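Structure at a glance
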Protein chains: 2
Amino acid sequence: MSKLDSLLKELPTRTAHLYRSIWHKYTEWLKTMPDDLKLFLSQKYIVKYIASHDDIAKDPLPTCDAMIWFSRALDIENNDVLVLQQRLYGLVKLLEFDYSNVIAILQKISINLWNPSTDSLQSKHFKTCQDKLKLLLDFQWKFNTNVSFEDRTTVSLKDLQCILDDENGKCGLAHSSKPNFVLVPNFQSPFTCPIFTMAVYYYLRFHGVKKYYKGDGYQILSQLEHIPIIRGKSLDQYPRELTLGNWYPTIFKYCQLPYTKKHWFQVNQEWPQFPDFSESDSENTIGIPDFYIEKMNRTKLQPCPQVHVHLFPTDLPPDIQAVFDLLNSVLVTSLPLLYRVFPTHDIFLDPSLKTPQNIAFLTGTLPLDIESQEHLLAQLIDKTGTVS
Amino acid sequence: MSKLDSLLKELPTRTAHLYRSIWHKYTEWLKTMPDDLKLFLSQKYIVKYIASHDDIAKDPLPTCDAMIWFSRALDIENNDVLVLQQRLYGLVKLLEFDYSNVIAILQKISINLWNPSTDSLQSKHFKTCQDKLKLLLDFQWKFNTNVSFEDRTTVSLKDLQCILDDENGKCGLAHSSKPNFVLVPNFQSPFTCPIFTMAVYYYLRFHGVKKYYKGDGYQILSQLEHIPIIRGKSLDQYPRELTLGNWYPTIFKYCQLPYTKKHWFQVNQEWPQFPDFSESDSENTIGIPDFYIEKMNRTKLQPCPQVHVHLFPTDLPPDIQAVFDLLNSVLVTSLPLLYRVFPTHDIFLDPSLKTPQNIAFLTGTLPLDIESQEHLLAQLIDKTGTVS
DNA sequence: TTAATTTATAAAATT
DNA sequence: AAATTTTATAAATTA
DNA sequence: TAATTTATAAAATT
DNA sequence: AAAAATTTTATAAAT
């Protein structure tokens, strides 16, 4: 703006200068879109700019400081500008944050929590594979989505919205409600995948295993208002906190990793987060740019594969169906692997998996060669009957 | 060629056709290069083509086969064609291979091997930080280059050639001789960098530590004909096979990871490998395309950071000097971090490090914020006096 | 020296 | 009909 | 019993 | 410098 220039005198020549340059770029870019004072600055465009330029992406900060300046250096609400700042720092923490460190904590347990044979733990909970899978689902969930606990128990499954977009090659489970997050399938590492986890856990939870553990039945998906993602004693509620706070150290010991409750029961800020916003498109999914999702779920976005085999019901209210079809897809996709590693898993004890056919496909071609999961196995403390 | 077409008769229509297209692409691409038959199929051009196209690179296989066909489907000598196959397959592993898995073994070890205090291990060996580092260097070295042990003992460090190219922003340690490999600093993860470990190691080898144990001296770099990348009892020789073979399991038990000797003392095929070839440029380093090096060293390529501090001698034979100055750069770059984590480390006991200045910067800026290294630490079995 | 908080123990209530 | 999430409550962590 | 890994007995250097 | 100790060499045991 004509009136703007005068306000860069007031600044040290050097920075006033960089800002001039940044500015020139961001505009000369912005001339690439359809559509003059403030609306030029809104999280959407600044974020897009920053993420779409490697040059900028690697070193975002001076750009961010610039934008917060230009913003507050214009008429923009103080709160507002600061919420911007929040989002911008979030964006960095995302871009820069290297997961390559945190990962082995994920790996370390995920595997040890899948292994149906754990001798080393006498602990009453985790007696079944369902207790295991419940906990691990929670944790994998926090790890990927970075969400508060209490918020974790606030989310009703019926709220969940399947993302199947084959136009753009996308699939996931999104929540646009109070917690704001998007989960994506990792097909290259099923075990560390929170959905594949939820798929197994949900098969045992609902279908149940005949002649072992009563399913809850899928009927209750109607007669019930709130359908917790993981179920405590009562059908309609998430497990109580402390309970979990007990389950957690029990596994962290077993895996011999140091445990801090605050990490998993409350938002972890050294860590990345999803923005907040008060059905998808090429570059974004629910409200969220895809790089956010790919980065926090640490896997490239893919289209839902099509299986022919249905372990989950095909008859169901339209709302939940798309979900269960997704869970079917992931489950059926990676189930052969699970069978080659932990054939001793509870899920395989259902007759339904005992049919000539289901046995046929569990035994057929492998999703990805074993020689891929070698490490992953290396990371547990109880070697099974199958050692490779 | 003219007398080619008739031989695509001979096959399946479909697989004739697929080759026809691969061919068309591939040739229509080569127009793009300066420069009449068998020449045109050479590992160089095929590899460049495959890697330079994301489309192919994701699914290299049909191309690779089509090429082996065309090759043997013209007059090309047998083993020769089979070598080409060897190369290609080696590529494919290189491209597709997921290190996301093998990783935590590296991590989980190197950290522990760094740690000066091992309460959980009694074993005599590795008592000195030297021994631990010796091993750790071997291990990281294999892990990064995938080389035979015997071959590991064949390499004379004078054979080593420092690559500093700041026009393309590259630095590393190269070998064009019998074993063929290139190593690169990982500045993101110094502990998991084999060059950093070789730097510290070397200081503790050559300069030694005052008041504890003898410096080997930087003189012997002339007198001796063969300088083993690490030394056993004798100055001029690599340590014997059985010894290392003793070390290794000792560290893994301590770290509670399984152990297979074949993995570290012989080529591991499941794993990738560098090409054999019988002073870099933009896209390749010794003989080798850069993606090979970035992928197998699992770090982006960068320029050598210039340091104003010299822990290594600035007076030497021109041959070895460049090498050290690299070592110095890595060492001086990452040393503050090591100090903030393991002060207790042997290296800090030298007076030279007790100078008003050397302490001046060891306490100065930090290379990358600690909150970065939380995980890496989380995997050790002995928590030091400093805890975070 | 109050808080606010993660752990560590004792009857109870349900699945 | 057993057994452990659930309350409940205090002890031991801190700030 | 291949062989490939592991432990034990005199020895030789650092 | 003389004397401690573990890589060494070998050699047998065992997987």
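Residues numbered from 1 in each chain as written, not as in the entry; some residues may be left out. Chains lettered and ligands numbered in written order. Heavy atoms only, no water.

The record lists X-ray crystallography as the method behind this PDB entry and 3.6113 Å as its resolution.

In this section: the pattern of salt bridges. All names here are of chain B. Under the counting rule described, the total for this entry stands at 13 salt bridges over all chains. Among the salt bridges present, the one from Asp-216 reaches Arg-231, with a minimum N-O distance of 3.3 Å. With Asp-216 in the loop between helix 9 (194–205) and helix 10 (220–223) and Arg-231 in the loop between helix 10 and helix 11 (241–255), the pair connects residues that are 15 residues apart, well separated along the chain. Pair check on accessibility: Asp-216 and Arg-231 agree, each one buried. (Salt bridge = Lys/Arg side-chain N within 4 Å of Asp/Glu carboxyl O. Helix = DSSP H or I, 4+ residues; strand = E, 2+ residues; numbered from the N terminus. Buried < 20%, exposed > 50% of the residue type's maximum accessible area, 1.4 Å probe, protein only.)

Residue and element names in this part refer to chain B. In the region of DNA strand F, the neighbouring residues are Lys-124, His-125, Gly-232, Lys-233, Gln-237, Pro-239, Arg-240, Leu-242, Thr-243 and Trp-247. What you see for DNA strand F is that sugar and phosphate hold 83% of its atoms within 4 Å of the protein. One of the side-chain nitrogen or oxygen atoms of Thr-243 is found 3.0 Å away from a phosphate oxygen of DNA strand F. Of the residues in the surface near DNA strand F, the class split is 3 nonpolar, 4 polar and 3 charged. (Near = heavy atom within 4 Å. Polar contact = N/O pair within 3.5 Å; in protein donor to acceptor, adjacent residues only side chain to side chain. Nonpolar A, V, L, I, M, F, W, Y, C, P; charged D, E, K, R; others polar.)

Overlaying chain B on chain A yields an RMSD of 0.4 Å, the required transformation being a rotation through 180° with an accompanying axial translation of 0.2 Å. In the structure described here, the two chain copies are related by an operation that fits a two-fold rotation axis. For chain B, the smallest separation between a C-alpha atom and the rotation axis is recorded for B:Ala104, amounting to 2.7 Å. Interface residue correspondence from chain B to chain A reaches 86%, placing this contact among same-surface, isologous pairings. (Least-squares fit on C-alpha atoms. Contact = heavy atoms within 4.5 Å.)

Another point: a negative patch on the surface. A contiguous patch of negative charge on the surface is contributed by A:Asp59, A:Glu96, B:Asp369 and B:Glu371. Secondary-structure assignment places B:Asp369 in the loop between helix 15 (356–362) and helix 16 (374–378). (Patch = residues over 30% accessible without salt bridge, like charges linked within 9 Å, V, L, I, M, F, W, Y side chains within 5 Å. Areas by Shrake-Rupley, 256 points an atom, 1.4 Å probe, with all protein chains shown as cover. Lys, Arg positive; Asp, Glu negative; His and termini not counted. Charge placed at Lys NZ, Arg CZ, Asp CG, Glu CD.)

Another aspect to go through is the packing of helix 9 (residues 194–207) of chain A against helix 14 (residues 318–341) of chain A. Residues and elements named next belong to chain A. Where helix 9 contacts helix 14, the axes come no closer than 9 Å and their chain directions differ by 90°. Viewed along their axes, helix 9 and helix 14 adopt a mutual orientation that is roughly perpendicular. Here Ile-195, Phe-196, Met-198, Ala-199, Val-200 and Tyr-202 of helix 9 come into contact with helix 14, specifically with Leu-327, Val-330, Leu-331, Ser-334, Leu-335 and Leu-338. Per-class residue counts for the contact of helix 9 with helix 14 are 11 nonpolar, 1 polar and no charged. (Axes fitted to C-alpha atoms, helices over the stretch in contact; angles between N-to-C directions. Parallel < 35°, antiparallel > 145°, perpendicular 65-115°, else oblique.)

Another aspect to go through is the packing of helix 4 (residues 61–72) of chain B against helix 5 (residues 78–96) of chain B. Residue and element names in this part refer to chain B. Between helix 4 and helix 5, the least distance of the axes is 10 Å, while the angle of their chain directions is 170°. Overall, the two elements helix 4 and helix 5 adopt an arrangement that is roughly antiparallel. Residue-level contacts link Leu-61, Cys-64, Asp-65, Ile-68, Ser-71 and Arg-72 of helix 4 to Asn-78, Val-81, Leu-84, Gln-85, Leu-88, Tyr-89 and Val-92 of helix 5. The residue inventory of the contact of helix 4 with helix 5, partitioned by class, reads 8 nonpolar, 3 polar and 2 charged.

Glancing now at the nonpolar core. Residue and element names in this part refer to chain A. Membership of the largest hydrophobic core comes to 119 residues, with the highest contact counts inside it found for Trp-114, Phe-196, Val-200, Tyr-202, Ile-229, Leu-335 and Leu-338. Here this core takes 12 residues from helix 14, the largest share from any one element. Counting only domains with at least three residues in this core, you end up with domain 1 (1–99) and domain 2 (100–387). The residues touching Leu-335, leaving out its near neighbours within four places in the chain, are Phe-196, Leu-311, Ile-347, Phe-348, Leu-353 and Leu-362. (Core = buried A, V, L, I, M, F, W, Y, C linked by side-chain atoms within 4.5 Å. Domains from an automatic or database assignment.)

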